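Only one chain comes next, encoded as structure tokens, the form deposited in one PDB entry.
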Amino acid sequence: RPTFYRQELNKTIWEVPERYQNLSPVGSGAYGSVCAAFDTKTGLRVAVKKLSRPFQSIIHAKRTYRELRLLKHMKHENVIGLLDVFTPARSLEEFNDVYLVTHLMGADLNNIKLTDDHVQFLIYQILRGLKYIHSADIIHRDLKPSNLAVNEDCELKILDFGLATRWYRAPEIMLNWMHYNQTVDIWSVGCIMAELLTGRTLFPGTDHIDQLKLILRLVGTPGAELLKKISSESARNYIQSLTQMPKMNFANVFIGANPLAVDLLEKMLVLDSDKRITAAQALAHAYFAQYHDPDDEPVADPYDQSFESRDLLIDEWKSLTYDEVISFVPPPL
């Protein structure tokens, strides 16, 4: 076992191995807290996340397990992965804190306007990561700029997969459709790409209602083919009761942008999710001709999510998480 040292940073106790030095607070979301640090063993800059109250309830315990399982499975250059995972606890009985470690990323996409060349590379990387994620039957569901880490080199990694946000959400979701597919993520990517090209949020709704109205203004109210797939009687009334609007001409709305970028946007921002382009198909779009390499856009190993339907005690989830910490084997340097 390694030697741990303790310190207090921002009213948070940090107890980690000696190998990680010079902890410095980066930010504190609700998920947990993060510090940048230096890993003496590898000479690398890393980010260490300390989970907040990981076993405070069934919800939290299952969430802690879900995140650890998912992070241990993601091995892709465009998806945040695990360099290490540890606990100061020496037994299950004492186990109450979880620490996750990954490569330190200097910024996010919100912190940029961009050349068409930079938009191509950044969206390319997002899709390449999504292809991998989607291949494992995982859906991100909350893609947005702040979930995309980027370094000075413009290398990008997707954070918080399968774990206003409303601005990047697919319409089927705030219609409360409970059978949405993986292309909910493609809608988000389309919102992101548009914003990188124009420098403006595409659909800055103030609430769920307004958000839908901004969306239909651009892509038009639903056609009869899409109307037939809506079961909710409520949803139909609301939708059919709206002032029917036509799909706008994207070449006009995004006038000045690379026509190839416009073509892709049109394929991503389709109201009917069954017609949206997939990540794999998007990667082969002529817009990414300079980066697309079919032999270097890998898929993931099968991912076992059966635990999602289990109803267990906090201690059972806690125990399962303990097991995942112990069985962890770091990736080759």
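Numbering starts at 1 and runs along the sequence shown. Each form is matched to the other, and the largest set of C-alpha atoms that superpose within 1.5 Å is called the rigid core.
Only in words, not in the display: the form deposited in another entry, which the text now covers.
With a cut-off of 2 Å and the rigid core superposed, residue 29 has a Cα displacement that reaches or exceeds the cut-off between this form and the one not shown. Shown in the overlay between this form and the one not shown, fitted on the rigid core, is a CA shift at residue 154 smaller than 2 Å. Shown in the overlay between this form and the one not shown, fitted on the rigid core, is a CA shift at residue 177 of 2 Å or greater.
With a change of no less than 3 Å, the CA-CA distance between residue 68 and residue 177 is larger in the other form than in the form shown.
Relative to this form, in the other form the C-alpha atoms of residue 30 and residue 150 approach one another by 3 angstroms or more.
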